[PDB]
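# Structural features, examined
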Amino acid sequence: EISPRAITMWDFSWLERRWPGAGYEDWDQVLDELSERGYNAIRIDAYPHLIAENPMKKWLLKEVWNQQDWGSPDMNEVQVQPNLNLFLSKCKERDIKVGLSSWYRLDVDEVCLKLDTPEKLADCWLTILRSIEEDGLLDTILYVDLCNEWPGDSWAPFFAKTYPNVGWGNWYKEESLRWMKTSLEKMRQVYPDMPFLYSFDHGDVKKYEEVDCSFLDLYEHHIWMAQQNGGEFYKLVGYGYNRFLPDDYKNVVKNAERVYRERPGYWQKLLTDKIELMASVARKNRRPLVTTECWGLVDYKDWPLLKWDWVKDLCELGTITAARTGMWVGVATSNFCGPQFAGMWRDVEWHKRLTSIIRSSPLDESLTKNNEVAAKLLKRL
């Protein structure tokens, strides 16, 4: 039978967080730790825009934030190739499959802004895929996502500049659908059997049913308890995703746990209701699901007075709920599943119990029988 993969998002941290103690200095050690925990897939940023401009250039990147522990809290320098192929080879050696995505990290020359048409964006990914195929590593790639949380302007400013009227998260608007469709057609002229998609965080999962998005081979949907019911949890806590100031986190310290423990069942029901709803939509549309950003709080970190226990509780619930539906082919336990989140990474048995459940969950027959689109991803698991 085909087994789902237990996946973790290593985003742009795999390449960037390699200063002393940053977490990803020794890829063999962290990939051994990852396998020991039972994960067998990773979602990473491929930096296609940088590879397509100059693959061996040492690029100076501007930070996205200084309040979070993903990637760099200040300026940093990266060289994408051969580092990507090196990293992919270490994955292959350990039978870890890799999903590619991008957050289109801003270098000082902001090269991603040039990708202002779906054809340009596709040409850029066609280049990165050929760089991977040069070292015979394409079979290690599980899927290709053209943009994290499409079409948010933080990640896709090259799109948001041209179509300011679509707005954050509205992937289902006509301009977005058209762009996505044209880009994926260009991809399939070269890689017809590779699963392609764009990943979304928009909370109204019923849009998958209301619009023609059949051109997506899978759905990678980000789901957090904290964002449910119009972001009720965070409105209560006082968290606004501030990227450079500490005040939002101070509210997380003061209120997050309190707000949750006041009525854990209520929060848990918001989470599981969304997960079940997503599975329903996926089953109707006959598409496999992957979730790499989940399941409790969106932002968290090792910090004084931040406890991980209640967050792990929500992650465990999310994981087990998703896995049981049969619609997920790739399931993450959380978006803190890496060596820089000591509080999340450390309890090896907690991971092993969940990855065991994920990897032994049977898939729905809507995916395994008479489904050529789904078979593109299933054959790679």
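What comes next concerns the included structure. (Residues numbered from 1 in each chain as written, not as in the entry; some residues may be left out. Heavy atoms only, no water. Residues with missing side-chain atoms left out of burial classes, pairs and counts.)

### Brief notes about the pattern of salt bridges
Inclusion rule: Each reported salt bridge corresponds to a side-chain nitrogen of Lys or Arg within 4 Å of a carboxyl oxygen of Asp or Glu. Strands here are runs of E lasting at least two residues and helices are runs of H or I lasting at least four, both read from the DSSP assignment and numbered beginning at the N terminus. Burial classes: relative accessible area under 20% of the type maximum marks a residue as buried, over 50% as exposed, and values in between as partly exposed (1.4 Å probe, protein chains only).
For the structure on display, the rule yields 22 salt bridges. In this structure, the salt-bridge partner of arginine 43 is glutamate 220, at a minimum N-O distance of 3.6 Å. Of the two residues, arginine 43 sits in strand β2 (residues 41-45) while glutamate 220 sits in strand β8 (residues 219-220), which places them 177 residues apart along the sequence. Each member of the pair, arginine 43 as well as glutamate 220, carries the same accessibility label: buried. Across the pair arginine 263 and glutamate 232 runs a salt bridge, and its minimum N-O distance is 2.7 Å. With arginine 263 in the loop between α10 (247-261) and α11 (264-285) and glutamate 232 in helix α9 (residues 228-237), this residue pair connects regions lying 31 residues apart in the sequence. Judged by its relative accessible area of 15%, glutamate 232 is buried. Connected through salt bridges with shared partners, the residues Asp28, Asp32, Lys90 and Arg94 form a single ionic network.

### Some remarks on helix α12 (residues 309-325)
The condition is simple: Expected span, for any helix, means 1.5 Å times one less than how many residues it has. Should any heavy atoms of two residues lie within 4.5 Å, those residues are considered in contact.
Across its 17 residues, α12 extends 25 Å between first and last C-alpha, which sits within 8% of the 24 Å expected from 1.5 Å per residue. Listed as buried for α12 are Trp310, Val311, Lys312, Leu314, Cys315, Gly318, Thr319, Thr321, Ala322, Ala323 and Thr325. Buried positions along α12 lie against α9, α10, α11, β10 (328-331), α13 (342-345) and α14 (348-359). Among the residues trailing α12, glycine 326 stands out with phi positive, at a value near 85°.

### Some thoughts on the pairing of β2
Rule in force here: For two strands to be treated as a pair, DSSP must find at least two bridges joining them.
Counted residue by residue, β2 has 5 buried out of 5 residues, so it is predominantly covered. Every second residue of β2 is oriented toward a common face, with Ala41, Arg43 and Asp45 on one face and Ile42 and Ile44 on the other, all of them buried. Here 5 bridges tie β2 to strand β5 (residues 97-101), and the two strands are oriented parallel to one another. Across the sheet, residue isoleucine 42 finds its bridge partner in β5, namely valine 98.

### Notes on the packing of aromatic side chains
Under the convention used in this document: What counts as a ring pair is set by centres within 6.5 Å for rings of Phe, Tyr and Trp (its six-membered ring), and what kind of pair is set by the plane angle: stacked under 30 degrees, edge-to-face over 60, tilted for all other angles. As a reminder, the over-ring test applies to NZ of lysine and CZ of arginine, requiring each to be within 6 Å of the ring centre and within 35 degrees of the ring normal.
Counted by the stated rule, this structure contains 41 aromatic pairs. An angle of 40° between the planes, with centres 5.8 Å apart, marks the rings of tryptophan 14 and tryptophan 27 as tilted. Note that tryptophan 14 is positioned in helix α1 (residues 13-16) and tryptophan 27 in helix α2 (residues 27-36), a separation of 13 residues in sequence. There is no split in this pair, since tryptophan 14 and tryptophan 27 are both buried. In this arrangement the basic side chain of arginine 18 is found over the ring face of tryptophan 27, its NZ or CZ atom lying 3.8 Å from the centre. Across from the ring centre of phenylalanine 12, 5.2 Å away, lies the NZ or CZ of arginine 105, which sits over that ring.

### Focus on the packing of α9 against α10
Put simply, the rule is: What counts as an axis is a line fitted to C-alpha atoms, over the stretch in contact for a helix, and the angles between N-to-C directions run from 0 to 180 degrees. Note on angle classes: values under 35 degrees are labelled roughly parallel, values over 145 roughly antiparallel, values of 65 to 115 roughly perpendicular, and the remainder oblique. Each residue is assigned to one class: nonpolar for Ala, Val, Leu, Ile, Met, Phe, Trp, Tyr, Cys and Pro, charged for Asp, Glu, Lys and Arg, and polar for all the others, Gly among them.
Remark: α9 packs on α10, axes separated minimally by 7 Å, with the N-to-C direction vectors making an angle of 125°. In terms of their interaxial angle, α9 and α10 are classed as oblique. Facing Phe233, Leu236 and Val237 of α9, the residues of α10 in contact are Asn251, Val252, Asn255, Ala256, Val259 and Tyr260. When grouped by side-chain class, the residues that make up the contact of α9 with α10 number 7 nonpolar, 2 polar and no charged.

### Focus on the environment of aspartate 201
Inspection of the secondary structure assignment puts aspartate 201 in the loop between β7 (196-197) and α8 (207-210). Spatially, the C-alpha atom of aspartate 201 lies 30 Å from that of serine 89, the residues being 112 residues apart in sequence. In contact with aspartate 201, not counting residues within four places along its chain, are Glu149, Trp168, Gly169, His221, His222 and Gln227.

### Focus: the side chain of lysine 376
Operational definition: As used in this structure description, the phrase polar contact means that two N or O atoms lie within 3.5 Å; if the pair is within protein, one of them must be able to donate a hydrogen and the other to accept it, and residues adjacent in sequence are counted only when both atoms belong to side chains.
You can see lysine 376 is positioned in helix α16 (residues 372-378). Exposure remark for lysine 376: the relative accessible area of 13% places this residue in the buried category. Looking at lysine 376, its side chain comes within polar contact range of the side chain of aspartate 217, at 2.7 Å. Among residues more than four places away in sequence, those in contact with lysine 376 are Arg188, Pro192, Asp193, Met194, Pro195 and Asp217.

### Focus on the pairing of strand β6 (residues 141-145)
What counts, and what does not: Throughout, right-handed denotes a crossover for which the path from the first strand over the helix to the second runs clockwise when the strands point away from the viewer.
Within β6, 5 of the 5 residues are buried, which leaves the element mostly enclosed by the surrounding structure. The sheet contact formed by β5 and β6 spans 3 bridges and is parallel. Across the sheet, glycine 99 pairs through a bridge with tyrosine 143, a residue of β6. Following the chain from β5 across helix α5 (residues 118-134) to the adjacent parallel β6, one finds a crossover that is right-handed.

### Considering the nonpolar core
Counted only if it meets this: Here the nonpolar core consists of buried residues drawn from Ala, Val, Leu, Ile, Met, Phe, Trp, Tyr and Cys, with membership extended through side-chain atoms lying within 4.5 Å.
Residues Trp10, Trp150, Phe233 and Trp328 are the most contacted members of the largest nonpolar core, which totals 134 residues. Those residues in contact with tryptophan 10, other than ones at most four positions away along the chain, are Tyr24, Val30, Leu31, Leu34, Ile42, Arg43, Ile44, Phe87, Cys337, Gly338, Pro339 and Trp345.

### Remarks on the state of the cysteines
The condition is simple: Disulfides are defined as pairs of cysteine sulfur atoms found within 2.5 Å of each other.
According to the stated counting rule, one finds 0 disulfides in the structure shown. A disulfide-free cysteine, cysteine 315 has its sulfur positioned 6.4 Å from the sulfur of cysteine 294, the nearest such atom. Overall, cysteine 315 belongs to the buried group, its relative accessible area being 0%. Counting only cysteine sulfurs, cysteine 294 is the nearest neighbor of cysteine 337, a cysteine outside any disulfide, at a range of 9.0 Å. What makes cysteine 337 buried here is its relative accessible area of 1%.

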